[PDB]
Amino acid sequence: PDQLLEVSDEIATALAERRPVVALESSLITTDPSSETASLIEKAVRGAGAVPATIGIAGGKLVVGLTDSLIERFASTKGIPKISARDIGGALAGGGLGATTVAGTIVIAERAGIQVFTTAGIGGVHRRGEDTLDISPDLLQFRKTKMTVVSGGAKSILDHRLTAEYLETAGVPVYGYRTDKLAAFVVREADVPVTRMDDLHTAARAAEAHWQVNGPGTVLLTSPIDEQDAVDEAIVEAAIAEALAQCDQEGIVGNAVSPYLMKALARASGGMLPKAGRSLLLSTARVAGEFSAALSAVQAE
Amino acid sequence: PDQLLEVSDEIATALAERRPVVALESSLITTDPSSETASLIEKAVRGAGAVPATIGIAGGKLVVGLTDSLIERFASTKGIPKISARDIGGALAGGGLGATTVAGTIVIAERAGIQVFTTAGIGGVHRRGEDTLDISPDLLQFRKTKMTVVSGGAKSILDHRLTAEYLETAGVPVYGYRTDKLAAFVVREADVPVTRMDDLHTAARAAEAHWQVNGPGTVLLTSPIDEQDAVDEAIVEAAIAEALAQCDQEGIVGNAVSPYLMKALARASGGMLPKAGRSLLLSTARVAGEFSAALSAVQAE
Amino acid sequence: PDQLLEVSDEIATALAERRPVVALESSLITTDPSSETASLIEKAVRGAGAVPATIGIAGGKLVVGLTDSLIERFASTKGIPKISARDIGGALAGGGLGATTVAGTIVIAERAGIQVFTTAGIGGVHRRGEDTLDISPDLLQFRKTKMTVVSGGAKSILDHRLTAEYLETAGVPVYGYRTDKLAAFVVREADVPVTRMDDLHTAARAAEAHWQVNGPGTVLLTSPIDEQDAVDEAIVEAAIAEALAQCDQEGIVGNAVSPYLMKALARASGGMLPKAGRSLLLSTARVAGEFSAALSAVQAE
Ligand SMILES: [Ca+2]
Ligand SMILES: [Ca+2]
Ligand SMILES: [Ca+2]
Ligand SMILES: [Ca+2]
Ligand SMILES: [Cl-]
Ligand SMILES: [Cl-]
Ligand SMILES: [Cl-]
């Protein structure tokens, strides 16, 4: 066996039976102590017949399927570090809890044999990232790990066009589910083309041929936020450009800039930002569950 | 066997016998419906005793050695998509035709056991690419695929010095055949040093030791355009700087900029641009055929 | 056996016995013809019970443990090329001597089974590197080669914050030995956080779990220069900003800029620059020897 991995009975049975599983990250389970969200998300994933697998680090182990005991700790403990792939080693050595990010979670999901992962938005090239080189580790982790990541594109505070250019340079396939424009998190679209897939069985056959030809690597399937739930591009951009405008005059750069952009976004959105992010989270999870079903059936032939 | 790959009898026999083969891309076979070019190119490759292998996608298959029927379609069909490595999966799933680029073709060539690929110019860092991050997927595909790519350096509309810096960061060997300056497509030189190889058997022994030590990865062998056939650096640069000058005042960026640079180049060159690109294509193909012969003999010891 | 590698008896015995070995680069053995330095360095490494393995290229071979004859040549021959990983193939084919850099040496160390490498400073993103793309091949070589590199961070003429951002994007773990700020070569600190490891056995268990989960790749363990021996950040920066100020007015960019920065540094430091670099070299080598001992013991369980 594997001495680092602890996989729940349900997930281990689904994998043994080549049934559909969808991985979920823990780094944000922390952002909703309720849980109510995790419950709508599990429901969205199972509605397709997929098994949800929430992932994190605890006790020197990579945990696939957190126990209720564990979800409780992740919900209620103050000090929990966010763990990208490069932090996994130290999180294991330390023996405490670690809430894994996109890059951290997909490496653990892949190690267990899970092939689909979902979240509302991935990391990317930050705004002014062509100058500061502040770019999420998710983008190059997608050159190594065999995974389909289903999301609503990059998070809104990031630079959508630069992230799309970087993924193209990195050779990472970017598909749009029923669209040929890149999803822009709580904003419907960025003016960036992607390859339209109208059907998830076609997307799954494309992903499978991608792995067979190019080897282990991530396929990004973007699915935009429901049009009824979108935030106005103008509102998002003006709020962000102003938040950056205050950054220059108060002279803040570095890891300080990014959490200001996040708070400025909450503010401009009435109080709708959480509501829009939840809608995107739910619809993306549904698509991930349906995609994972369609991939199990493709790999079955 | 392999269920994705269709290899012609001639190429399959040369490979079985460890005889020299040189891959060619289809994405540009489309740019010369004649054929006359493809015919001079085949002649240049065979003159060294190498077998030319033109590659593309058709009918759910990776095709190595296009049939006359297929070359005809690629010559005469309007809608044919250009396929980089990240597009291979969807091109296969779709079952139509796909004309593969440098990155797309070398992955298929490698899968068949071909080790040498040639084209007039590779992709690279685009001009202003330090700011726009518009950089060809070819450069990072060279970190994965075992191949020697023989070209006249990067295409002229690209930024030669930035492409050379990026390849150095990527650990991709860059050799100059009988020169210690980087080839600049239809321009003889960029002011960028490369490692001179005066002899192709020495270059082949260097490539082989590179693969043995560093693993699968591409070696770039650059061979400049004949001095009688070069375009004046000043002519190229002035034309490009002006084409960019019009871009700023008419406010065009994105994937719009690049095809303007290409047309501005045709214009400044009298009508010699096609003539110079063909000469570079022919001399590079000859060097590729001779290199491929010298590598088969090296691997034979 | 391996036909490219020549490993001395002492190193081959330590490896066979899974005892601690630390690799050293030759590219700088050239920078101190004395030797006296190499002798203090060997002493610092052995004090921990590790075996020092100096590496280079000679006679068509990758040499692990240079002979006295070889150290003499590297000390006394004028023309010796510096060999990064991408130059290994041509250095072998040429049959002459080659002094390997960080990237070149760790690939050879890994091939022999050595897992720890040390040097005073690694390459990184050069100053203005966000615009010139001048970035050391060491940073992406760390995505491929299984190694712990122990250093005092990046060399002082480089951009510390950009190098740290680039390593984060590349997924390369960056630990600080008893510190949570990045080491800045002869300067104690850059204002850049790293993950503190207070104990080398914990660092070794983190590195081992990193390799087990993320596969072959480099772990960077940074150890700052003794506070008694540091150069004043202000002195370093003012000297560098002025050296760059003269570069703009005398219009020098390219590979010309970097050796000016190096000479301007010698000048501002009284004559202490060599003295500070030697102290950093000695203390980093000690930490490398102790780390390598602690890793052999971890891998023994
Ligand atoms: Ca960052
Ligand atoms: Ca692009
Ligand atoms: Ca810039
Ligand atoms: Ca460089
Ligand atoms: Cl794009
Ligand atoms: Cl260069
Ligand atoms: Cl950082």
# chains A, B, ... in the order shown; residues from 1 in each chain; ligands from 1
call {"tool": "residues_near_ligand", "arguments": {"ligand": "ligand 6", "cutoff": "10 Å", "atoms": "only C-alpha atoms and all ligand atoms", "output": "PDB file with C-alpha atoms, in the first residue's frame"}}
result
ATOM      1  CA  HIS B 160      15.055  37.270 -31.267  1.00  0.00           C
ATOM      2  CA  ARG B 161      16.921  38.304 -28.117  1.00  0.00           C
ATOM      3  CA  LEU B 162      13.975  37.561 -25.759  1.00  0.00           C
ATOM      4  CA  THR B 163      13.393  34.160 -27.416  1.00  0.00           C
ATOM      5  CA  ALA B 164      17.119  33.341 -26.939  1.00  0.00           C
ATOM      6  CA  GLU B 165      16.940  34.413 -23.236  1.00  0.00           C
ATOM      7  CA  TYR B 166      13.820  32.319 -22.694  1.00  0.00           C
ATOM      8  CA  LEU B 167      15.391  29.198 -24.276  1.00  0.00           C
ATOM      9  CA  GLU B 168      18.492  29.662 -22.061  1.00  0.00           C
ATOM     10  CA  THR B 169      16.223  29.842 -18.919  1.00  0.00           C
ATOM     11  CA  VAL B 174      20.969  26.231 -29.011  1.00  0.00           C
ATOM     12  CA  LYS B 181      25.422  34.174 -33.996  1.00  0.00           C
ATOM     13  CA  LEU B 182      21.746  33.223 -33.788  1.00  0.00           C
ATOM     14  CA  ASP B 191      23.287  40.012 -32.190  1.00  0.00           C
ATOM     15  CA  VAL B 192      22.904  36.941 -29.931  1.00  0.00           C
ATOM     16  CA  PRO B 193      25.614  34.285 -29.403  1.00  0.00           C
ATOM     17  CA  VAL B 194      24.968  30.545 -29.817  1.00  0.00           C
ATOM     18  CA  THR B 195      27.313  27.566 -29.550  1.00  0.00           C
TER      19      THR B 195
ATOM     20  CA  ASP C 134      17.493  37.322 -18.296  1.00  0.00           C
ATOM     21  CA  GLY C 254      22.839  42.353 -22.520  1.00  0.00           C
ATOM     22  CA  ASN C 255      25.461  40.018 -21.022  1.00  0.00           C
TER      23      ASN C 255
END
call {"tool": "interface_residues", "arguments": {"of": "chain A", "to": "chain C", "cutoff": "6 Å", "atoms": "only C-alpha atoms", "output": "list in words"}}
result
residues 86, 89, 90, 93, 131, 134, 135, 136 and 137 of chain A
call {"tool": "write_last_selection", "arguments": {"atoms": "C-alpha atoms", "output": "compact mmCIF listing (two decimals), in the first residue's frame"}}
result
# COMPACT_ATOMS: atom_id res chain seq x y z
CA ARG A 86 5.57 22.96 -2.56
CA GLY A 89 6.36 18.13 2.46
CA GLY A 90 6.68 20.48 5.42
CA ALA A 93 6.59 16.60 8.57
CA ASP A 131 6.27 43.24 -13.89
CA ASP A 134 3.52 37.25 -9.01
CA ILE A 135 1.88 34.21 -10.69
CA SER A 136 0.07 31.30 -8.96
CA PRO A 137 1.90 27.96 -8.82
call {"tool": "residues_around", "arguments": {"residues": "residue 104 of chain C", "least_positions_apart": "5", "cutoff": "8 Å", "atoms": "only C-alpha atoms", "output": "list in words"}}
result
residues 83, 84, 85, 86, 87 and 88 of chain C
call {"tool": "residues_around", "arguments": {"residues": "residue 291 of chain B", "least_positions_apart": "2", "cutoff": "10 Å", "atoms": "only C-alpha atoms", "output": "VMD selection string"}}
result
chain B and resid 20 22 48 50 116 148 150 199 to 204 221 285 to 289 293 to 297
call {"tool": "closest_residue", "arguments": {"among": "A:53, A:71, A:158, A:236", "to": "ligand 1", "atoms": "only C-alpha atoms and all ligand atoms"}}
result
A:158
call {"tool": "select_by_dssp", "arguments": {"residues": "segment 70-294 of chain B", "states": "alpha helix (DSSP H)", "output": "ChimeraX atom specification"}}
result
/B:70-76,88-94,102-112,129-132,138-141,160-169,200-214,233-249,257-268,273-294
call {"tool": "residues_around", "arguments": {"residues": "residue 54 of chain B", "least_positions_apart": "6", "cutoff": "8 Å", "atoms": "only C-alpha atoms", "output": "list in words"}}
result
residues 23, 24, 25, 26, 64, 65 and 66 of chain B
call {"tool": "atom_distance", "arguments": {"atom1": "atom CA of residue 34 of chain B", "atom2": "atom CA of residue 284 of chain B"}}
result
20.3 Å
call {"tool": "residues_around", "arguments": {"residues": "residue 185 of chain B", "least_positions_apart": "6", "cutoff": "6 Å", "atoms": "only C-alpha atoms", "output": "list in words"}}
result
residues 121, 152, 153, 155 and 156 of chain B
call {"tool": "residues_around", "arguments": {"residues": "residue 149 of chain B", "least_positions_apart": "3", "cutoff": "6 Å", "atoms": "only C-alpha atoms", "output": "list in words"}}
result
residues 117, 118 and 220 of chain B
call {"tool": "select_by_dssp", "arguments": {"residues": "segment 16-184 of chain A", "states": "strand (DSSP E or B)", "output": "MDAnalysis selection string"}}
result
chainID A and resid 21:24 51:58 61:64 82:83 98:100 116:118 122 125:126 135 147:151 153:154 158 174:177 181 184
call {"tool": "closest_residue", "arguments": {"among": "B:256, B:243, B:112, B:102", "to": "ligand 5", "atoms": "only C-alpha atoms and all ligand atoms"}}
result
B:256
